[PDB]
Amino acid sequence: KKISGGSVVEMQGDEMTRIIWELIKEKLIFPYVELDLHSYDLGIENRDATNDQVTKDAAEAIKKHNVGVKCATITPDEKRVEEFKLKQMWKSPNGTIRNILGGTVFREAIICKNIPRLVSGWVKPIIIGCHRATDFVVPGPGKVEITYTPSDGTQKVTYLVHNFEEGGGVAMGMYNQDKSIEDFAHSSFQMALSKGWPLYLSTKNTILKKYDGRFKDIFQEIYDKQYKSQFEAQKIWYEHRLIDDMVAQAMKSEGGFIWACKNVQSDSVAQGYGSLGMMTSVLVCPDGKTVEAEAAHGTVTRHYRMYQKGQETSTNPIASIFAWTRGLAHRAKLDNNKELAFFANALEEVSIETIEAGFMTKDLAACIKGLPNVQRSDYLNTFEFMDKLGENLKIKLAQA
């Protein structure tokens, strides 16, 4: 008999990841854990068939059950419309999901002793947390001003945006509500507490004194009113940093901090570097309770094209495995479920250990060696890597 996992929302996706996601389910999860599974097929054809209703349902299911684990999905553009004869250019499922749950996205590279890090010298995890405008055409010369009127009618403040003198142009107004800034600090301070790392907030503070200053202020305020306690408990701390100083400190750091930044191209850097397969993602809702976990990468279309043509593929499943493990860890925490907690942690260990023992997908070998120097014998194919992880997991679980 196996573990009772409780209620999990699961979203199937597209292309190479759809394949890996099933392998993850078949080989790593279902053998050991039983779930009250709420599964939504967010494959692109099923989204088209249901007029995207399945995406909305999936999001609502996450609101209800607190835990969502999601497979990468195709975000349609014109080419995707032609390729699948879509009825419409459906919105990003991610956009729809985040819009309904709200919250803050945290990214974290999974690290292995034998895998080079972006910055040589990083030794501990780094988690990066990231945080409607009225734009119009100004058709000729004239004054654009922005005006605030308190509802108590006591005052009016008008700021000049710009005197257009030589012609027209464009202007826009933007705003943030305090609440949203509060939510972001909450998610941030809590993640720092959940991971036991210090938290830094970076802003451009000096350019937009008032806009960024309000982040600085609310973070400090919330810190001082609700976290300085627990922070000294775990022996961590919170500080604000100018982005320029933040980048510099991080350059010299050993790692082991949460980095909230007001703004982003985190994936793009991991992508160029060749380690997007190791980059995971969790959306933390303000409420402390609801999370959605997923890989940071997409559907790996290029590998899917190879697969469909019968070429061997070597696609890294780690980010996707860690979507499940962070999902289950959080489910475990809500349910005070020692067995689930043990299982999740176990699976991450197996995944990190396997790689460290020298078995890895081609992307990671390229990371070690540079792509020109990779031999087929340096890596495992997609199924080969999954089977290895499967055996090691069996072994690890058949003890203690």
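Just count from 1 along the sequence shown to find any residue number.
- Should the segment between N263 and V264 be described as having none, 1 to 3, 4 to 9, or 10 or more unmodelled residues of the deposited sequence? Going from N263 to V264, the model skips 4 to 9 residues of the deposited sequence.
- How many residues sit between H131 and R132 in the deposited sequence but have no coordinates: none, 1 to 3, 4 to 9, or 10 or more? Gap between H131 and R132: 4 to 9 unmodelled residues.
- Tell me which of 52 to 60 and 328 to 336 has the higher mean C-alpha B-factor in the deposited entry. Looking at the recorded C-alpha B-factors, 328 to 336 comes out higher on average.
- Item | Segment of higher mean CA temperature factor, 341 to 349 or 40 to 48 | Higher mean C-alpha B-factor in the PDB entry: 341 to 349.
- Task: Check the PDB entry and point out which of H297, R302, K204, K143 has the largest C-alpha temperature factor.
- Result: Checking the PDB record, the top C-alpha B-factor among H297, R302, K204, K143 is at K204.
- Task: Tell me, please, which of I222, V284, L276, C71 has the highest C-alpha B factor according to the deposited entry?
- Result: Top of the list by C-alpha B-factor: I222.
- Using the B-factors in the PDB entry, rank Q190's C-alpha atom against the chain and give the third, lowest, middle or highest. For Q190, the deposited C-alpha B-factor lands in the highest third.
- Please rank the C-alpha B-factors of the chain's modelled residues and tell me whether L28 sits in the lowest, middle or highest third. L28: CA B-factor falls in the lowest third of its chain.
- Message: Among the modelled residues of this chain, does the Cα B factor of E312 put it in the lowest, middle or highest third?
- Response: For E312, the deposited C-alpha B-factor lands in the lowest third.
- Lowest, middle or highest third: where is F231 by Cα B-factor in its chain? Ranked within chain, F231 CA B lands in the highest tercile.
- Message: Using only modelled residues of the chain, where does the Cα B factor of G173 rank: lowest third, middle third or highest third?
- Response: Lowest third, going by the recorded CA B-factors of the chain.
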